[PDB]
Amino acid sequence: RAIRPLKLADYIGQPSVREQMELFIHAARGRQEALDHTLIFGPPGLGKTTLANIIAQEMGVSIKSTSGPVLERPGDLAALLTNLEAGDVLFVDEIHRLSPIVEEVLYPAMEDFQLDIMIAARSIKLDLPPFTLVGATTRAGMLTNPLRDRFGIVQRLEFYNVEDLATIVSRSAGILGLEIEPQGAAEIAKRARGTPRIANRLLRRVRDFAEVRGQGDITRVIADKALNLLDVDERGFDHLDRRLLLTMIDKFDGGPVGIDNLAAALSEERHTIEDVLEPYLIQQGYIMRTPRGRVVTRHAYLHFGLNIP
Amino acid sequence: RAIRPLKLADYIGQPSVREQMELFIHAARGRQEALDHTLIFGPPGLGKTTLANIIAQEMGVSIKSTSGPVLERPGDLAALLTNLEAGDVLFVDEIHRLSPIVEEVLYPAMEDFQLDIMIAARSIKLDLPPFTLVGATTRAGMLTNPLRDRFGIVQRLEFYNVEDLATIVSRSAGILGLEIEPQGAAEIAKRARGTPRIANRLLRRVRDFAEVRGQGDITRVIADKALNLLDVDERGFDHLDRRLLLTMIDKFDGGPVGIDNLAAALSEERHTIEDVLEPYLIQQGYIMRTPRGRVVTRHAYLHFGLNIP
Amino acid sequence: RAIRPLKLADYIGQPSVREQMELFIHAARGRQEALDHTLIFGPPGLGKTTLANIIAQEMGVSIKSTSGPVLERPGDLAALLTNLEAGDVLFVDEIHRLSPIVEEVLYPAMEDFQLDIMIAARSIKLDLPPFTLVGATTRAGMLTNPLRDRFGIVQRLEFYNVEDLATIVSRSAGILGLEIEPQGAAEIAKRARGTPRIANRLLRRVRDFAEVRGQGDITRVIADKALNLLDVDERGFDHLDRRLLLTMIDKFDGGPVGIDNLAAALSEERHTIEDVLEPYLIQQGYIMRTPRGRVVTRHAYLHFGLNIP
Amino acid sequence: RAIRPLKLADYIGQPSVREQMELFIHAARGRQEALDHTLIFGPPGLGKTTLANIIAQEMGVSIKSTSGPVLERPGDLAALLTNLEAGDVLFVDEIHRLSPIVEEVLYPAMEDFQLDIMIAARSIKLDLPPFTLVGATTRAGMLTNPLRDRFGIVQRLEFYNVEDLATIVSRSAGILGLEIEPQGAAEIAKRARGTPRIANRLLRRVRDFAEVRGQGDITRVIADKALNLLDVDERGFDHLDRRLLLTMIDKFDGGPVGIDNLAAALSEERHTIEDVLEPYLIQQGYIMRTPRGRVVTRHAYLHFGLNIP
Amino acid sequence: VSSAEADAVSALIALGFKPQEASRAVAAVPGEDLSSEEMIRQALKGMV
Amino acid sequence: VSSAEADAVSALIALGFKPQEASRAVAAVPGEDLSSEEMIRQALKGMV
Amino acid sequence: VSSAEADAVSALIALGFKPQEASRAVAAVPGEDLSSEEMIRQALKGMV
Amino acid sequence: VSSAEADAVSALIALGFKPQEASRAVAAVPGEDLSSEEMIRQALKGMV
DNA sequence: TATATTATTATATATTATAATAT
DNA sequence: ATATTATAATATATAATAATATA
C-alpha cells in the first residue's frame, strides 16, 4: 500500500519463494524458538531488505533493518546486539562488503550467542540473548564459507516472467490508484526489464508522465509515448542497444566475431558493455558470444523482421 | 551447544579412523611418551580445534590451539615452546600460510626437541621439552616434502560413510529429540552434501517441517515431502544445479564454455557458482574443468538421456 | 636421536647404482681435486638427502643441505658459496624451479669456481674455493637441457626391491632393538612401494601396533593384523589411493582425462597427485599416460574383478 | 689447459661442413670483411657453439653469445649489437624462438649490417658495426621465411659417425696424455653415441678405474664398468633408449603410434626426445619417420631378439 | 574507576574506542558493586 | 650486556621480537651470567 | 629533462624498452657534447 | 674506504642486495689490504 | 615547533598472454 | 593460418609511513 507494500500477499514474488519458508515460518513462529539464519540474494535494486522487513513484520518482532557497509566497526555491531532481546531478529544489508573483524566478532554469536571480547590479558565471556540474523546481499560468493556454514538458509532471485510482472504491476497500480488496462499492465511489463521493484519505480515514473499529459488511465498510445520517451520499447531494447545491434547487423549480420573489434567499431568501452548491455539480453536467448564470436538470434531480428539463413 | 564427540572412542562417523586414533592414544599412554607428530587434513571447516581438545582430554594434557596468523612470527611460537613442558602438545594451523623462517625455527623443535639460533658469527644451541607436535591444515599438500617426511603420523579427514552419516544423523536427532525414521536418516545421509554442519542444518529444517507439516513425526514420506519441497537430488543437486545443468546442455550443448558468457546468461556471479555449487559436483566429478571451458561428464548425459560426441 | 643411516653400505639397494657411485667416490679420492658437478634424478622416499650426506662423509667433507625452491636470487647462491670452503659440498634439490640468472652465475662457478658478473665500472673476478656443487632433483626432463648436459654425474634413484627393503626394515628394527619375522619383513617390504622412508614409517606404525595390540615383537601375523587395521592390502593401498582408483575406473572408465581434472576432483595438487601415483602405478603397470589422460590399464580394471567392456 | 678445440684444424665434425665453412671464410676474407650471417640449423650446441668459436678464432675478434629465449626484447638485441664492435661474432642459439618484433629489428642486420629499423613512431638510426650472426636453431622448417630468406649464408649440421670419435681419441686423449687402447677406444665407442660431449665424459671417466686401482688392467668389462650396465644391445644407446624400445615394442608393438601418445608414454617432452634421441636413432636405421605413426625399423626388432611384425 | 569498569574500558579500546569516550561512557552510566556484564550491557546500549 | 644477554637479545631479534622488548625480557627475570638456554627460556616465558 | 634526453627516451620506447627503463638509462649516463644517436650508442655501450 | 669498497657496494646493489646492508657488510670487512673479491667473500659470509 | 612537503612499502585489478581449436 | 578468448599470470594507482624546511 505504501511505496513499498507490507503484506506478503501484496508482493506475489517467486511462487516457490512465496510458498516455501513463508507459511512454514508463519506456523513455526510462536513456538518459543529463535529463528535461524537466512539469505536472500540476487540482482540488485530488488528491495530484498524490504522483503526481509516484510518477513519481520508478519513475524511481528522488533527489527533493525541495517546496512553492513554502514556498520564497519565492531562497536556498533555490539550496540545492535544489546539493542535486541531473546528470540529477536536483526537485518543486515551487503554483509560481504565488511572488514574481517566484523565476522570474527560475530562468529561466537553465530556459535553460541556469544560476544567474546579481548581486553597476561584475558578475553571476557559475554553471552547474548537469542536472536536471528538475516542476510541481504547482492552476491555472496566472496562471503566466506564459515559464514555459509553459519547461515542456515539461502534464497536466490531471478528475472521475473511476464505473468508475475503483470500481477505485480497490477497490484502496485492498484496501490497507486491507477486505471491501467490489463493490456496496459502487460505492455508495462514488456517495456520494463523485469526487476519488479525497479519495475514499480518505472510504473511510478510512467504514472507521473501520464498524469502530466492526461489522466490515470493507460492507453496503448500512451504506452507508445512512454516507450519512445524512455527510448525502450516492449522489446526492451535500449537506444544505445538498438543502435549498436543495428551497427552489428549492418556489417557482420550475425557473424560470430571478436569483442574488441565490435567495441572499436562502436567506439564504446567494452567493459561497460560487458557489465551493462549484453547480460540483459543474455538472460534470454538473444546474444550468444561464441568462441567464434557474437551470435544474435533472429528473435531479436524480429524487431525489424530482417534475417538471413 | 555445538556438536562434539566427547571422546575419540565416543567419536563416530569414521570408525576405522577412530580405531587408528585409539591405537595412537594407547601408543602414547602405554609407552608413557610424547606421541608422534600426527598430520591432520581434510575438510576445511570441521572444528579441528575441538578435535584437538578431545585429543587433549584423551592425553589429559593441555594443547595450545595456535594457527598461522597466531604464529606469524618465530618469536611468539618460540615463547610458547618455552612455556611448553614435558609431554605437552601444540596445535598449529595454517602452516602453509606460515613463513619459512617459522619452518626452519621448528625444524630443531621437532627434531628431537632442540633449538638452534645464531647471534663475528656465533652459534647458540637451545633444548626443548618433549611434546607432541600437532600439524593440522585444510590441505596438507602445500607442506614442504622434507618437513612432512620428517613428520610422523598422517591422518586424513573426510565426511562420513553413508551408513556412518545416517548413524550420525540418528544420533543428532536423538540429541535434537526428533522422532526420526532410519529410512529418513538414510535419506538425509544421501543428501548429506559431504558437510555435517549443513547436514545438521538440514535436520533442523526438516525438524521445522515435521513440526509444521507433520504432526511432530519424521518418516520416510515426511522426509520425501521435505526434500521434494526443497532443492533435492540423492546426489545433491539443486534447482540451482538443475538450472546450471539445463543451461550447460542447452546453451553450448555439452561443450566448453566461456565463463563470462555463463555469468551473463545465468544471471549469477560466476565466483559464487565456482565457490558453492561447482566444487561439490567437482568433488562428485560430474563435470570436467578445462582451460578452454568446463564440460559436464557422462553423469549429466545419462541423467537426461543424452549422446556423447 | 635419529635412526638415519650414515653408511655407504646402508643403502645397499640399487647395487649397480651403488657400485657406480662407489667408483665415482674412489675416483674423487684418487683425483684429490674438484669433482665433476652432479645431478642425481630420483623420486623421494628413498633418502636421497641421506645418500648425499653419506657420500659427503665418504668424501670426508662437510655437507650443507638446501634446495632450488629455497633459493630465489643468485646473491643467496653467492652467500652460500662463500659459506662453503675448500673441501665442502652443498646439497641442492629441485633446481628446475630457479631463476635463470642463478644459472648464468653458476656456469663459471662450475667451470672453474669463477664469477665474472657485471658490477662501466670494475666487474668481479670471484674464483670460489674448490668445492663441487651437486644436485639431487627428481626428474631431469623438467630440468633444463644445458644444465643436464653440463653436470657430470647423473643417476637414477629407484624404489628398492623386497629383499633390500626387508633387510633395511630388519636392520632398523635392530637399531630399534625390535625383532621382525622374515615373512613379515617380506610383506612390509613388498608393500609401501619399496621405499625406505615409507618403509621406516610403516615400521614405526607396525611397532606401535605391536606396542598396543601385540604383546611383544612383530611376527607375520602381527604385521598382517597391523596392515589390516591400517587397511593396507598386499598392494599397499591407501584410502585416498583406493578412492582415486574407484573414481578413475568408475566415474571416468579408466580415466582418459588430464591430471588437472582428477587433481581438482580430489582438490589436491598436481605434484602431489603424480608423486603419489607414478612410483607405484608405473611399477605395477596399472596406468599409462596419454595426451587425453592418464588412462588405467586393463590390469587395474581386472584387479578389482572388472571385465573390460 | 683447455681440451676443447680452438682452431679449425682442432675442430672435429663433418668434413663437408668443414670445407663449406672454410670456403665461406675464404670468401669473407677475400672481400676484406667478416663472415656474413651464416644460418646453421641442426643439433643445438653440437658443432654450433664450437662453430661460433671457430668464427671468432678465424676473425681474431672477441665473441659474445646469447640464446633465443634470453633475448625477449628487441631493445636488448639492439643494445648488444651496439656493444658489438666491427667484425665481432655473435652466437644466438634457438633463433627460431624470437618474437617477431625481434626478427623485424634483426632483418637489417643480415640485410646490410646496419640498424635500419622500420619504426608517434621514430626510426632510430644507430651506428651498428658489422658483425657475424651465428644463426643456430633446431631446423629451418619452423623458421620464419623472411628471416630464412634474408640469411646470406645457409648451411647445415648432422650427427657424426665413428670418425669423430676416432679423431677425439687421437686428439683429446693425447691432450689428456693417458694411455688408451685402440680397440679399447673402439669398445668405448660402443657407448660413445657419436657425441663429443659423451666422448668428453668418457675421457673424464676412463680415469676412474685407473685411480681406483693401480694395477691398470684393460679388459672389456673394465672398460664397461665405468658405465657397468651395457644399456644397449650395441653401438651407443642408453637406459633411456632402452625404455624407449621397451615402450615401442611391449606397449606400442613397434608400429604406428601418435607422436603425443609416445611422448606421454615416455612421460617426457616430445621436443627433447625429437632433438636428442630421435635423429641419432633414425641415423642408425632404428626408426623411420611417418606422419601416421612412429614405426621402428628392422634393427629395433632384430636387436630385441624378436620377429619383425 | 573500579576493576570492572577498567576492564570494560580496556575492552573498549581493545575493540576500537579511545580512552576519553570510554571514560565518559562509564561515567554516564556507572555500575555499582555487581558483576561487569550487566552494566557494560547498559553502557553499550547507553552509548547509542 | 653480558655474553648470554647479548646472545639472547640477538636470538630474540632473529625470532622477530623487537630489540627493546627482547632486552627488557632478557634483563628482567634471570640473574647475572647464567646459562643461556634457561635465561632465554625465562625471557620467552612472558605473554600478553 | 633535455630535448636529446626526451628523444632518447622516445627512441628506447619505440625500440621496446620501458619508459621507466629509458629514463633510468638516460639518467645513468652523463651524455654531454654528443649527438642523440651517439649518446644512445654510448649509453648502450655504457653499462654493458 | 677505497674504490674496491665502492665497487663491492655497487656490485652487491646490482646483484639485488639492499644498499644499506650491502654497504654495512662492505664496511664491516673492507679490503683495505686485500682484494675486492675476498672482502666480498667475507661480507657474504657475514649474513651467511 | 607542527605542518604541509618531499621520500618510501603493500595490494588488489585492470592489463597481458597461449593454446587449441573451429574453420 | 586467423582469431579469439577461457583461463593463467602480472605492475602500478592508490592506501600507508618517515625525514625536512619553515613561519
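Because the Cβ atoms are built from the backbone with ideal geometry, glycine has one as well, and the counts that use them run over all protein chains shown. Each answer follows from the model by the rule given with it, or from the source it names; no laboratory instrument gave them.
Kindly establish whether F:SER36 is hydroxyl-bearing (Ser, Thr, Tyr), buried (at least 18 other Cβ atoms within 10 Å of the Cβ) and in contact with an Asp or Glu (Cβ under 6 Å, 6 or more places away or on another chain). For F:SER36, the condition - hydroxyl-bearing (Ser, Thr, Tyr), buried (at least 18 other Cβ atoms within 10 Å of the Cβ) and in contact with an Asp or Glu (Cβ under 6 Å, 6 or more places away or on another chain) - is met. Scanning segment G:1-12 for residues that are part of a helix (DSSP H, G or I) and either basic (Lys, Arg) or surrounded by fewer than 16 Cβ atoms within 10 Å (Cβ to Cβ) (or both), we see that the one that is farthest from DNA strand I (Cβ to nearest atom) is G:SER3. Within segment A:279-306, residues that are in the same structural domain as A:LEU245 (by TED's automatic domain parsing) sit with their Cβ atoms under 9 Å from residues that are among the basic types (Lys, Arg) and within 16 Å of DNA strand I (Cβ to nearest atom), at 6+ positions apart or across chains, in these pairs: A:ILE282/A:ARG289; A:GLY285/B:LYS251; A:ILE287/A:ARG294; A:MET288/A:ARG294; A:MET288/B:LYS251; A:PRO291/B:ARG292; A:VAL295/A:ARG289.
If the condition is being within 11 Å of another protein chain (Cβ to nearest Cβ), away from DNA strand I (no atom under 13 Å from the Cβ) and of a type in the set (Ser, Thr, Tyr), then segment A:286-297 contributes only A:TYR286.
If we keep just the residues of segment D:72-87 that are surrounded by fewer than 21 Cβ atoms within 10 Å (Cβ to Cβ) and under 26 Å from the mean Cα position of the chain (by Cα), which is nearest to the other protein chains (Cβ to nearest Cβ)? Only one residue fits best here, namely D:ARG73.
With a requirement of 2 or more residues that are within 14 Å of another protein chain (Cβ to nearest Cβ) and in contact with a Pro (Cβ under 6 Å, 6 or more places away or on another chain), the helices (runs of 4 or more DSSP H) lying completely within segment D:182-285 that satisfy it span D:259-266.
The set of residues in segment B:119-160 being more than 11 Å from chain C (Cβ to nearest Cβ), of a type in the set (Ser, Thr, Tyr) and assigned to a loop (DSSP other than H, G, I, E, B) consists of B:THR137, B:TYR160.
Within segment A:239-276, if we keep just the residues that are closer than 30 Å to A:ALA166 by Cβ and buried (at least 19 other Cβ atoms within 10 Å of the Cβ), the residue that is farthest from DNA strand J (Cβ to nearest atom) turns out to be A:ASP241.
Could you please let me know if B:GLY194 is under 22 Å from B:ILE168 (Cα atoms) and more than 16 Å from DNA strand J (Cβ to nearest atom)? It is true that B:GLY194 is under 22 Å from B:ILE168 (Cα atoms) and more than 16 Å from DNA strand J (Cβ to nearest atom). When B:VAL206, B:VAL169, B:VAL134 are screened for being touching a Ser or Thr at 6+ places or on another chain (Cβ under 8 Å) and crowded, with 21+ Cβ neighbours inside 10 Å, only B:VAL134 passes. From the list C:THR38, C:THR50, the lone residue that is of a type in the set (S, T, N, Q), away from chain H (no Cβ under 14 Å), surrounded by 19 or more Cβ atoms within 10 Å (Cβ to Cβ) and touching a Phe, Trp or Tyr at 6+ places or on another chain (Cβ under 8 Å) is C:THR38.
Which residues, taken from segment B:289-300, are away from DNA strand J (no atom under 16 Å from the Cβ) and surrounded by 15 or more Cβ atoms within 10 Å (Cβ to Cβ)?
Taking segment B:289-300 and keeping what is away from DNA strand J (no atom under 16 Å from the Cβ), we get B:298-300.
Within segment B:289-300, B:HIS299, B:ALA300 qualify.
If you take the residues in segment F:1-28 that are among the small types (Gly, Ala, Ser) and in contact with a strand residue (DSSP E or B) (Cβ under 7 Å, 6 or more places away or on another chain), which one is farthest from B:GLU72 (Cα to Cα)? Result: F:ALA11. Restricting attention to segment E:13-41, the residues being at the interface with another protein chain (Cβ under 8 Å from one of its Cβ atoms) and either touching a helix residue (DSSP H, G or I) at 6+ places or on another chain (Cβ under 8 Å) or not small (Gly, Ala, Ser) (or both) number 7.
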